[PDB]
Every structure is written in C-alpha cells, then in structure tokens.
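2 protein chains.
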Amino acid sequence: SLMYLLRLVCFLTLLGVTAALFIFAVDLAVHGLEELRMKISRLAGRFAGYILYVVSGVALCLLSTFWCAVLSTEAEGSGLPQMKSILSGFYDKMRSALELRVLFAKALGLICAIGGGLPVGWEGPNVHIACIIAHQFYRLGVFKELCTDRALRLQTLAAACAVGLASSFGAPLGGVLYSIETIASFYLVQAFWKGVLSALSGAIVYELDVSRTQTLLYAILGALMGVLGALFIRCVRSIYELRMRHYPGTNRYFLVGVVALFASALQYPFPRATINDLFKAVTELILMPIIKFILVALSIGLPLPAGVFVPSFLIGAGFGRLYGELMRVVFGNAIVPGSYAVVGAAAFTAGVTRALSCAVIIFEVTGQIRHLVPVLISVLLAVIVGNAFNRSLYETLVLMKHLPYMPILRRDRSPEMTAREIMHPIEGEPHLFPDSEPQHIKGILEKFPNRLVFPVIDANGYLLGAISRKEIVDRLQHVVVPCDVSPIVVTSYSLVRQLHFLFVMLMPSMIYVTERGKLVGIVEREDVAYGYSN
Amino acid sequence: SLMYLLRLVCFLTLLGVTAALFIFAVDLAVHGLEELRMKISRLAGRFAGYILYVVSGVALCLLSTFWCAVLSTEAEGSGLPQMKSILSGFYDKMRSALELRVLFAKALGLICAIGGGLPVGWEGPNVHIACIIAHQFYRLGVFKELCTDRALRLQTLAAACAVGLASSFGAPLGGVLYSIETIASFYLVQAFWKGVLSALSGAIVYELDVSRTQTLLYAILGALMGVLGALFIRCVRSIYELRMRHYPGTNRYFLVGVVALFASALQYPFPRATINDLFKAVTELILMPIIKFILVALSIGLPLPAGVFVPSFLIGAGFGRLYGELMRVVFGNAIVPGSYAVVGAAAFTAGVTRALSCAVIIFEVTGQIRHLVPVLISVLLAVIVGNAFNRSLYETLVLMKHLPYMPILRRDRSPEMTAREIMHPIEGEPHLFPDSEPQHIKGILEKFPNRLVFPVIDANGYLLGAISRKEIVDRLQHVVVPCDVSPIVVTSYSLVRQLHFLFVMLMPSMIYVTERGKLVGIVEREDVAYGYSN
Ligand SMILES: [Cl-]
Ligand SMILES: [Cl-]
Ligand SMILES: [Cl-]
Ligand SMILES: [Cl-]
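In order, the protein sequences belong to chains D and A.
With PDB author numbering applied, the first sequence corresponds to residues 88 to 295, 314 to 375, 382 to 393, 404 to 600, 656 to 710, in that order.
With PDB author numbering applied, the second sequence corresponds to residues 88 to 295, 314 to 375, 382 to 393, 404 to 600, 656 to 710, in that order.
What follows is the structure, encoded as structure tokens:
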C-alpha cells in the first residue's frame with residue numbers, strides 16, 4: 088500500500104532525472120560538435136573554408152550511419168514507431184530494440200546526424216533513449232517487478248516516453264500530452280500521474314505571443330496545412346518505397362553521403384534561431410519551406426537516428442509566414458504576419474503528427490498563451506482534414522518499416538473472415554493430455570523449445586490450459657494438472673473484426689479456437705496484426 | 088469514409104453548440120434569480136430586509152429538492168458519479184438517468200440550489216445535462232447509429248462530458264483534460280479529437314499571474330493540501346453515512362431547509384468575486410475556509426443537484442492564503458501571499474478531485490501561465506498524497522451512493538475466489554438446444570422475457586452461442657442455428673482477479689463458464705462489480 092507507492096515514485100523520479108540528464112548531454116554534445124566543425128572552416132581560407140564545411144558535414148553523416156551499423160541497426164530511424172510497436176503488445180518480439188547496446192547507436196548516431204547538418208530532429212530518437220534507460224533501471228532488484236507485471240510495464244514504459252518527449256520540447260505538459268496522443272492506443276488513466284511525475288522530475292533537472318481572433322483565416326490555414334501534412338506523409342512513404350522497389354539494396358554511405366552533400370548544396374542561398388525570427392512581427406522565402414519539405418521527407422528515410430518534430434516546426438512556420446504575408450496584402454495592415462507563422466508551425470506538425478498537443482507545445486515553449494481558441498481550432502482542423510487523406514506519420518512509418526503493430530489489420534485479411542479461415546489446426550500445434558506420462562511430456566518440452574503455454578485437453582480433446590515452464594518444469598523436478661493459465665478461447669465462427677479487437681484490448685499472444693467444445697486451432701497474434709516480424 | 092466523418096463532425100458541433108448554449112441559459116437564470124432575491128430584500132426595512140433574504144433563500148432550496156422529487160429523483164446529487172457509472176459499462180442499467188424528464192429536474196434544481204444561496208457548484212450537474220442533450224440528438228435518424236455502436240457511443244457520450252465540463256470552467260482544454268481524467272477508466276485516443284471538437288464548438292458560442318520558483322514551499326503546500334482533500338472526501342462520506350445509519354429516513358425539506366437556514370446564518374460575519388480578490392497580491406480568514414469546508418461537505422450530500430468544483434476552488438485559495446500569509450512572516454517580504462492562494466485553489470480541488478488538470482484549469486481561466494512547473498508539481502504532490510489516504514471524491518461518491526461501477530470490486534469478493542465460487546449454475550439459467558423444436562423455444566422466450574442472449578448447447582451440453590431477439594424472433598416468423661454471438665467464455669478455475677479485468681476492458685454483461693468443455697454456469701456482471709443497482 089505504501090511500499091507500493093514509494094517504489095514507483097522512486098523509479099519514476101530516478102528515471103525522469105537521468106533521462107533529462109542524458110538528453111542534456113546529447114544536446115551538449117551537439118552544440119560542441121557543431122562548433123568544432125565551424126572552427127575547422129574558419130581556420131582555412133574562405134574558398135576552402137566553405138568546402139571544409141561540406142566535407143566535415145558528409146563525414147559526420149557517414150559516421151552517423153556507421154554507428155548504427157557497427158553497434159545495432161535496430162537504432163536506425165525515429166524510434167517512436169519502434170516503440171509504438173512495443174507498447175502495442177509486442178514487447179516479447181521487439182525486446183531487442185531496448186538493449187543497452189542500442190542506446191549507444193541511437194545517441195552516437197543522433198549527435199553525429201544533427202552535427203553533420205542533416206535536417207533531422209530528435210523527438211523520436213529521444214523517446215527511444217528514455218525507454219532504454221527505463222529498461223536498464225528494470226534490471227535493479229527493487230524495480231524488476233515493474234517490468235514483470237504486464238500492466239505496470241505498460242504504464243512505466245509510457246512514462247519513459249513522456250519524459251523522453253517532454254525533454255525534447257522543454258515543455259513538461261506539452262510532452263506528456265503529446266505522449267498519450269501517439270505511443271498509446273488506449274490509455275490507462277492511472278499512468279497520467281506516473282507520466283507527469285517522470286516529466287516534472289526532468290523539468291527540475293532542466294531548471295539547472315498574441316494571435317488576434319480573426320480566426321476564420323486561421324482555420325483556412327488549418328485546413329490547408331492538414332492537406333500539406335497529408336502530402337508530407339505521402340512523400341515520406343513514396344520517396345522511401347521507390348528506393349526499396351527500384352534501386353534497391355543501395356548500401357549505407359553512398360546513400361547517406363549523397364543526401365548529406367546534396368543537402369549542404371541545395372541550401373546554398375540559405382534551427383531554434385530561424386523560428387523565433389519568423390515569430391517576430393516585422404521570394405527567397407517561397408523556396409525555403411519547399412526545399413526543406415523535400416529535404417526532410419527524404420532524410421527521415423535514411424538508415425540513421427532521425428526525429429521529425431523540430432524540422433516540421435520550421436516547415437509550418439515558413440508556410441504560415443507565406444500565408445501570413447499573402448494575407449497581409451489582401452486584408453490590410455491590421456493583419457500581422459508573425460502570428461500566422463505561429464499557427465503555421467503548430468498546424469503543420471499537427472498535420473504530420475496528428476497530435477492535437479502541438480497547440481499546447483507551442484504555448485508552453487515560448488508562447489504566452491494569449492488565447493488557445495484560435496490556435497486550438499486551426500490545429501484541430503488540420504487533424505480532421507489530414508486525418509481524411511493519410512495515416513499519422515508514425516503509423517505510416519510503422520507500415521513503411523514493417524513493424525508489428527496490433528491496431529492495423531494485415532493487408533491481406535478481411536474483418537469478415539472467420540477465425541476458422543485463419544486458425545492453425547491443433548494437430549500440428551503442441552498439445553498436452555492429463556493421461557500422458559512424465560516420459561511423454563519431456564518430448565514436447567524439448568521438441569517444441571521456447572513454448573511457454575501448453576494447451577491441455579482430454580482424449581476426444583476438451584478444453585483446459587496449463588502453463589509450460591513455471592509448473593511443468595518444476596513438476597518434472599520430482600519424476656500434469658491442475659492448470660494455472662486461463663486462455664482467451666473463442667468460437668470457430670467468431671470473425672476477424674472481433675479477433676482483432678481482443679488482440680488490441682486484451683493484448684494476448686494467442687487465442688484458442690473452440691469448435692463444439694473441442695480445441696480446434698490456435699490463432700497466433702501474427703495471424704491478424706499487420707506485423708512485419710522478421 | 089467521408090459520410091462517416093461528416094456525420095460525426097455534424098453531431099459533435101450540433102452537441103457542443105447547444106450544450107454550451109443551454110448552460111449559458113442556466114448561468115443566465117442563476118444571475119437573475121439571485122438579483123430577484125436581492126430586490127425583495129432592499130424594498131423592505133433593514134431589519135426585515137435581512138430575514139427576507141434568508142427566508143427567500145430557504146424557499147429556493149426547498150423548491151430545488153422539490154423539482155427533483157416531482158420530476159426525477161435520479162437528478163439528485165452531482166451527476167458525474169451517475170455518468171462514470173454509465174461509461175463504465177452499465178449504460179443498459181443506468182439509461183433511466185438520461186431521460187428527457189431528468190434534464191428538467193437537473194437544470195431547474197440547479198438554478199434554484201445556487202439561487203437559494205447553497206455552497207454548491209455546477210460542474211457535476213452540468214456534465215449530466217450535456218449527456219442528456221447528447222442523448223436526445225441520438226434520437227434523430229442520422230445520429231441514432233452513434234448510440235447503437237457500443238464503441239462509438241462511448242466516445243460521443245465522453246464528448247458530451249467534455250463540453251459539459253469545459254463550459255463549466257470556461258477553459259476548453261482544461262475541460263476536455265479534466266474529462267479524460269475522471270469519467271474515463273481507460274480512454275480511446277480517437278475520442279480526444281471528438282472531445283476537443285465538441286468543446287471548441289461551445290467555446291465559440293461562449294465567445295458571443315506570476316508564481317516565483319520558491320517551489321519547495323509550494324510542494325509543502327501541495328503535500329498538506331492533499332491531506333486536506335483526503336479529509337474532505339472522508340468528511341463527505343462520514344457526514345452522509347451517519348444520516349443513513351442514524352436518524353435515517355429524514356425526508357427532503359426539513360433536511361434541505363435546516364442546511365439552508367443553518368448556512369445563511371453560519372456565514373453572518375462573511382463566488383468568482385472572492386477568488387480573484389485573494390489572487391490579488393496585497404483572524405476572520407481562518408474561520409472562512411474551515412466553515413465552508415464543513416458547509417460544502419454537508420451540502421453535496423443533499424437530495425438535489427450539487428457540483429463541487431467552484432466551491433472547492435474557494436476552500437483551497439482560502440487555505441493557500443492562510444499558508445501564504447503564515448509564510449509571509451517566516452521568510453520575509455520577498456514572499457507574496459497572493460500566488461500561494463493560486464497554488465492553494467488548484468491543489469485542493471486536485472486533492473478532492475484527483476484531477477491533475479486543475480493545474481491547467483487555473484491557467485486557462487485567468488492564469489497567464491508564467492510557469493506551470495511550480496503549480497504542476499504541487500498539484501501532483503496533492504494527488505500522490507491524497508491518493509494514499511482516500512479514493513477520488515467521485516469514486517467515493519459512487520460508493521457512497523451505491524452505483525454500479527465496474528472498476529471497484531464488490532465489498533464481499535476476494536480476487537482469489539474462483540469463477541466457480543461465484544458462477545450461477547446453468548440448470549436454473551436459460552439455455553437452448555439445436556434439437557428443441559419451434560414448439561419448445563416459444564417457452565423460454567416468454568417465461569424468460571427481457572433475455573437477449575441464449576446460450577446454445579447440445580445434449581451432454583457443449584458450447585456455442587445464439588442471439589435471442591434479432592434472430593430467434595425472426596426465425597420464428599416462419600414457423656435454431658447457425659449462431660451469431662460470440663460470448664466471452666472462461667474456464668471454471670479462472671479467478672475473480674481476472675473476471676474483474678475482463679469486465680472492465682471488454683465490458684460485457686455476462687461471461688460463460690467452461691468446465692471440461694461443458695457450459696457450467698453464467699457469471700453476471702452484478703456478481704463482481706461493486707454495483708448497488710436497485
Ligand atoms: Cl522511422
Ligand atoms: Cl525534434
Ligand atoms: Cl452525487
Ligand atoms: Cl462548479
């Protein structure tokens with residue numbers, strides 16, 4: 088009752104601190120690696136001082152993809168998608184991505200990616216870090232139970248996400264709120280205090314405008330921005346999947362290197384610096410966001426650590442400024458172009474991310490929160506509109522990268538299909554009897570290794586359910657039944673539209689199929705969920 | 088896929104508008120009924136002018152409890168608790184509370200309760216109203232499906248709650264956020280856009314400070330304030346249940362009338384007026410909150426419409442001023458007593474409510490949001506602290522008023538009890554066979570009216586599951657099987673700690689018990705849930 092609370096409080100505070108502490112050191116290393124890169128250039132002549140900027144830039148992007156390659160390639164990409172996977176009920180399958188060795192390929196990869204001048208964020212990679220740190224704490228005795236308990240692991244790993252995100256924006260509430268909107272499929276309300284706690288912990292560590318209600322024109326920008334967020338997620342997937350289908354098997358540095366070079370040159374006539388400046392209220406700005414629209418969409422498909430929030434913040438603000446200026450003329454001096462860049466930055470990340478929180482994030486960061494209402498409506502419209510065309514950039518990344526993700530159905534399965542159509546016959550799948558002697562049960566045990574549940578039926582087999590390992594292995598250490661596991665059994669005529677639901681809510685690995693009482697078939701979780709596996 | 092969205096969008100917008108519109112009329116009717124009451128007094132002499140204030144005050148409190156009595160006594164109390172019940176999976180049981188007649192006893196009762204000078208809020212009653220309005224639209228053809236669909240009814244009735252709350256605070260985000268924290272057990276992330284939409288709609292209708318980081322002392326106030334919130338919920342229940350156990354069956358006006366009179370007198374040496388004043392930073406203030414602490418606790422037990430948010434706002438601010446003054450002297454002029462009243466009002470409502478959102482609500486209302494961090498920590502401590510002693514005032518109210526509420530277990534059932542201990546034997550419960558002729562099935566149908574599912578088994582009965590009414594009644598209109661319903665079946669050794677879970681997540685009315693394959697018993701949802709029913 089109290090040892091319960093103090094255990095949990097201890098964990099979340101020790102997580103939140105060392106999460107926002109680690110991310111501070113990531114940030115600290117990015118601000119140094121950039122200034123090094125700058126010294127190299129200013130020490131040589133002006134002509135060569137420019138090329139030594141580009142050369143150093145490619146080099147650090149090559150070192151970035153190298154870190155992933157030499158340590159853990161599971162550290163490539165955002166990380167949020169890879170996590171959305173785990174919290175979806177595939178912790179047993181994706182447990183590999185949370186290994187300590189992946190923390191290094193993420194945090195070394197990120198420092199070098201942003202260092203080398205890639206148009207690449209840290210929101211994703213950052214959430215990924217926090218989870219691995221939270222997973223390491225799980226290794227201490229006092230905290231091990233926190234992972235064991237299915238329910239308690241969900242809620243804690245979610246707090247890792249919160250502190251991961253909230254540290255990326257330096258906005259504690261903005262963070263936790265964005266967290267529940269994206270990693271979660273559904274959300275246990277209990278966790279909200281656990282996620283806030285772990286976020287404020289890191290805020291304390293890290294402690295060591315006006316938009317007129319001419320809203321109608323803001324909502325018009327909200328609508329358009331949804332359509333542009335749609336196009337963005339559409340671009341990411343299409344630019345990506347034409348590298349896989351066509352020109353496939355291009356390897357690492359030549360790919361990353363071209364984008365690094367191409368980037369440093371495509372930005373010849375041109382981070383948190385630009386933003387605040389468009390937010391100030393005072404040609405060559407038409408190309409700015411359009412170039413970065415393409416450049417970023419391309420870059421997050423790269424085999425290296427890549428977030429998307431701070432980049433999309435720029436792309437929005439830029440479009441918001443182009444709108445805020447094209448409205449400056451049509452409606453008079455009364456229109457302020459600055460406030461349209463604010464609604465712009467918020468609505469576009471809300472187009473691409475689908476997080477209504479981006480409205481709160483822009484407030485918490487530098488925003489004064491004059492009025493949410495205008496910003497909150499245009500952020501919403503962007504979701505409703507972009508929610509029509511596309512799936513969320515994260516969900517699309519899940520498809521795009523082929524990650525087991527419970528809430529999307531297999532491309533090849535109708536919700537009308539009966540469990541019978543997809544179930545795996547019981548004859549080939551392992552099963553146990555009460556009558557089968559100790560001499561028997563050793564057989565299945567070794568011939569089906571890794572099996573944790575054994576379905577137990579009589580002759581003319583009828584349903585029960587015994588464990589494998591805790592009991593059978595320990596009931597063997599003397600030389656059956658009673659059982660200890662209740663499986664979610666389902667009748668053979670129950671269809672996918674309802675198997676899929678049990679998989680998302682109950683989150684099991686297997687569902688038993690009942691035909692007239694007899695155990696006739698198991699349905700794997702791989703049989704319904706859009707799961708890449710591999 | 089578009090007719091889907093536009094239907095939903097049309098519903099939420101037409102709900103949100105008319106919800107915040109109806110609540111505006113309630114608010115408008117309270118501001119007049121109070122001014123009438125004031126005219127009556129100032130027309131007579133000064134001596135009598137005071138007694139005519141009290142007499143009018145009692146009268147309107149009597150008329151308040153009368154409205155509930157003469158229309159629908161289901162309109163007594165908060166309403167949120169009554170709703171928390173519905174959204175918990177008891178919509179079929181508590182449907183009566185959403186009847187149109189109950190909207191009148193709610194909104195008339197409330198106008199007269201606050202008019203008569205009761206220390207009584209509108210947050211609860213207000214959420215109740217919005218649901219009944221939402222429920223009425225449900226009757227229109229285009230919207231009826233929105234209620235039919237189990238999942239889509241949840242999400243929309245949740246949006247009623249959001250626009251209900253958000254309007255009660257005039258803080259859209261604060262409202263929807265407080266909503267997910269309290270009505271919901273878990274929360275489908277989909278709804279968040281539906282709730283925001285329905286809230287901003289009513290915001291558009293309704294459109295027609315500094316806390317230093319001396320936070321340590323704010324956290325010490327957060328700690329204490331949780332303990333006071335605990336005592337507050339402890340008081341509500343104990344003052345209530347001593348009226349039921351002792352002096353039981355006291356009826357209506359004498360009860361309501363004594364509290365009306367007693368109140369108007371107990372406040373002899375003393382709403383949104385006081386608040387802003389303590390928030391301004393510039404004996405007889407020690408008694409103020411303590412009197413109202415008792416007075417309010419007592420009043421929300423009364424048989425009439427009674428919210429608790431705005432009253433608790435006062436009680437906190439008061440205690441926060443008492444603290445902010447006792448800190449004024451101990452730490453010097455550098456301490457500002459005003460900002461401690463703000464953290465005070467937020468932390469105490471966060472004590473009683475357990476909503477971390479009160480932090481955001483205080484910001485959104487008049488708050489400028491200088492920094493959340495100090496306020497957001499103290500609001501969280503208050504929850505972690507009061508979360509130790511007590512259950513949330515709403516959950517405690519659910520116990521206190523004996524309402525079916527899925528997530529609390531029956532007072533008399535251990536999670537260790539096997540489903541076999543609690544299951545109802547299948548012989549006494551209705552069942553069907555494939556062999557039983559049309560002459561047979563007419564029997565069960567009429568002798569067990571109101572039955573919707575019929576468990577279907579063979580001779581030596583083995584599990585399947587047929588509907589009752591859609592099929593059997595229509596398959597009778599010609600003079656069996658195949659089945660059309662899949663029931664959540666569970667083995668006889670599966671225990672309550674896991675029946676209870678299935679009831680909360682899957683939200684079914686019944687669970688079938690499997691003993692060696694044979695259907696041996698039904699477990700009603702009334703067998704596990706702490707459900708008073710009646
Ligand atoms: Cl990715
Ligand atoms: Cl970022
Ligand atoms: Cl109540
Ligand atoms: Cl209120």
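Quick reminder that beta carbons are idealized off the backbone N, C-alpha and C, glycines included.
Looking at the strands, I want to know which residues DSSP matches up with A/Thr-539. Sequence index remark: in the second sequence, residue 539 of chain A carries index 418 (1-based). The beta-bridge partner set that DSSP reports for A/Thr-539 consists of A/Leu-671.
The region 218-233 of chain D contacting the region 452-471 of chain D, beta-carbon criterion three pairs below 8 Å: Fewer than three beta-carbon pairs drawn from the region 218-233 of chain D and the region 452-471 of chain D are found closer than 8 Å, and the two stretches are therefore not classed as touching.
With a threshold of 8 Å between beta-carbons, can A/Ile-267 be considered close to chain D, or not? As a working mapping, residue 267 of chain A is identified with position 180 in the second sequence. Answer yes: the Cβ-Cβ gap between A/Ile-267 and chain D drops below 8 Å somewhere.
DSSP state of A/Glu-232 mapped onto helix, strand, coil: As a position in the second sequence, residue 232 of chain A is number 145, starting the count at 1. Three-state result, A/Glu-232: helix.
Which of helix, strand or coil DSSP assigns to A/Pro-426: On the second sequence, position 305 is the one that residue 426 of chain A refers to. Looking at A/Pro-426 - three-state DSSP - the assignment turns out to be strand.
For A/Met-330 and A/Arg-475, the rounded distance between their alpha carbons: Looking up residue 475 of chain A in the second sequence gives position 354. Looking up residue 330 of chain A in the second sequence gives position 225. For A/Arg-475 and A/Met-330, the distance between alpha carbons rounds to 12 Å.
Suppose the cutoff is 7 Å on Cβ atoms and the five residues either side in sequence are ignored; what does the same chain contact list for A/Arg-572 look like? Counting from 1 along the second sequence, the entry for residue 572 of chain A is found at position 451. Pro-551, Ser-589.
Residues that DSSP places opposite D/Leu-695 in a beta bridge: If you number the first sequence from 1, residue 695 of chain D lands on position 519. Partner(s): D/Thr-690.
Short of 8 Å Cβ to Cβ, which residues in the region 572-600 of chain D face chain A? Cβ contacts with chain A: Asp-579, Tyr-583, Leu-584, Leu-585, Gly-586.
Quick check on this structure: which residue in A/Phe-256, A/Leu-120, A/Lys-231, A/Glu-210 has the alpha carbon closest to the alpha carbon of A/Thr-487? What you label residue 487 of chain A is simply residue 366 of the second sequence in a count that begins at 1. Nearest to A/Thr-487 by alpha-carbon distance, out of A/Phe-256, A/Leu-120, A/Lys-231, A/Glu-210, is A/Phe-256.
Residue interval of the alpha helix (DSSP H) (run including D/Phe-359): Working through the first sequence from its first residue, we reach residue 359 of chain D at position 254. Note, D/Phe-359: alpha helix (DSSP H), 358-371.
Buried versus exposed, by CB contacts within 10 Å (16 or more), A/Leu-423: Position 302 of the second sequence holds residue 423 of chain A. That one is buried.
For a cutoff of 8 Å on Cβ pairs, would you count A/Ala-509 as touching chain D? As a working mapping, residue 509 of chain A is identified with position 388 in the second sequence. It does; some Cβ of chain D falls within 8 Å.
Exposed unless 16 or more other CB atoms sit within 10 angstroms - verdict on D/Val-263: Locating residue 263 of chain D in the first sequence gives position 176, where the first residue counts as 1. Buried.
List, from N- to C-terminal side, the alpha helix (DSSP H) runs of 4 residues or more that fit wholly inside the region 148-228 of chain D. 167-172, 178-181, 187-202, 210-224, all fully within the region 148-228 of chain D.
Whole-number beta carbon distance between A/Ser-420 and A/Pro-168, since they are thought to touch under 8 Å: Counted from its first residue, the second sequence places residue 168 of chain A at position 81. Counted from its first residue, the second sequence places residue 420 of chain A at position 299. A/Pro-168 to A/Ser-420, Cβ: 16 Å. No contact.
If you follow the beta strand (DSSP E) that A/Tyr-461 is part of, which residue opens it and which one closes it? Here residue 461 of chain A corresponds to residue number 340 of the second sequence, with the count starting at 1. Run containing A/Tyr-461: none in the beta strand (DSSP E); it sits in the alpha helix (DSSP H), 458-474.
Status (buried if at least 16 other CB within 10 Å, exposed otherwise) for D/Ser-478: The residue given as residue 478 of chain D occupies position 357 in the first sequence. With 16 or more Cβ atoms within 10 Å of its Cβ, D/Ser-478 is classed as buried.
The region 137-154 of chain A touching the region 352-369 of chain A, judged by at least three CB pairs closer than 8 Å: Yes, the region 137-154 of chain A touches the region 352-369 of chain A.
D/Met-125 - DSSP class collapsed to helix/strand/coil: For this step, residue 125 of chain D is matched to residue 38 along the first sequence. Helix, per DSSP.
D/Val-665: buried (16+ other C-beta within 10 angstroms of its C-beta) or exposed? Residue numbering aside, residue 665 of chain D sits at position 489 when the first sequence is read from its first letter. When all chains shown are included, D/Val-665 counts as buried.
Can you find a CB in chain D that lies within less than 8 Å of the CB of A/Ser-670? Here the question's residue 670 of chain A lines up with position 494 in the second sequence. True, the Cβ-Cβ gap to chain D drops below 8 Å.
Taking only heavy atoms of ligand 2 into account, decide whether any of them is closer than 7 Å to the Cβ of D/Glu-210. Position 123 of the first sequence, counted from the start, is the residue given in the question as residue 210 of chain D. Because some heavy atom of ligand 2 lies under 7 Å away, the Cβ of D/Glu-210 counts as near it: yes.
Compile a chain-ordered list of the residues in the region 242-266 of chain D whose CB is closer than 7 Å to at least one CB of chain A. Listed by position, the residues of the region 242-266 of chain D near chain A (Cβ gap below 7 Å) are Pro-259, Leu-260.
Between A/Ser-668 and A/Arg-541, which are expected to be in contact by the criterion C-beta below 8 Å, what is the C-beta distance as a whole number of angstroms? Residue numbering aside, residue 668 of chain A sits at position 492 when the second sequence is read from its first letter. Residue numbering aside, residue 541 of chain A sits at position 420 when the second sequence is read from its first letter. Right, their Cβ atoms sit about 5 Å apart.
Contact check, A/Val-689 vs A/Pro-663, beta carbons under 8 Å: Here residue 689 of chain A corresponds to residue number 513 of the second sequence, with the count starting at 1. Here residue 663 of chain A corresponds to residue number 487 of the second sequence, with the count starting at 1. Contact: no.
Give the residues whose C-beta lies closer than 6 Å to at least one heavy atom of ligand 1, in chain order. Every residue whose Cβ sits closer than 6 Å to any heavy atom of ligand 1 is listed here in chain order: D/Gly-164, D/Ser-165, D/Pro-168, D/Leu-518, D/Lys-522.
Does the region 324-338 of chain D come within contact of the region 460-469 of chain D, defined as at least 3 CB pairs closer than 8 Å? Yes, they touch.
Same chain only: Cβ atoms within 6 Å of A/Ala-271, ignoring 5 sequence neighbours per side: Taking the first residue of the second sequence as 1, we reach residue 271 of chain A at position 184. Cβ neighbours of A/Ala-271 beyond the five flanking positions: none.
Quick one: complete beta strand (DSSP E) runs, 3+ long, within the region 239-290 of chain A? Listed in chain order, they are 273-275.
Is D/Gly-693 close to chain A? Criterion is C-beta to C-beta, closer than 8 Å. What you label residue 693 of chain D is simply residue 517 of the first sequence in a count that begins at 1. Chain A contact via Cβ: present.
Grab me the residues of A/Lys-563's own chain with a C-beta within less than 8 Å of its C-beta, minus the 5 sequence neighbours each way, in chain order. Position 442 of the second sequence, counting from 1, holds the residue named residue 563 of chain A. Cβ within range, chain order: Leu-597.
Any C-beta of chain A under 8 Å from that of D/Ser-272: Mapped onto the first sequence, residue 272 of chain D falls at position 185. Chain A places a beta carbon closer than 8 Å to that of D/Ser-272, counting this residue as a contact.
Pick from D/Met-521, D/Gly-586, D/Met-683 that is closest to D/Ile-344, judged by C-alpha positions: For the purposes of this step, residue 344 of chain D is taken as the residue at position 239 of the first sequence. Each of D/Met-521, D/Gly-586, D/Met-683 was checked against the Cα of D/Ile-344, and the nearest Cα belongs to D/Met-521.
Starting from A/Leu-573, follow the alpha helix (DSSP H) in both directions and report where the run begins and ends. Translated into positions along the second sequence, residue 573 of chain A becomes position 452. Per DSSP, A/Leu-573 is not a residue of any alpha helix (DSSP H), being assigned neither H nor E.
Inter-stretch contact (C-beta, 8 Å, three-pair minimum) for the region 244-259 of chain A and the region 157-176 of chain A: With a cut-off of 8 Å, the region 157-176 of chain A and the region 244-259 of chain A count as touching, because enough Cβ pairs lie within range.
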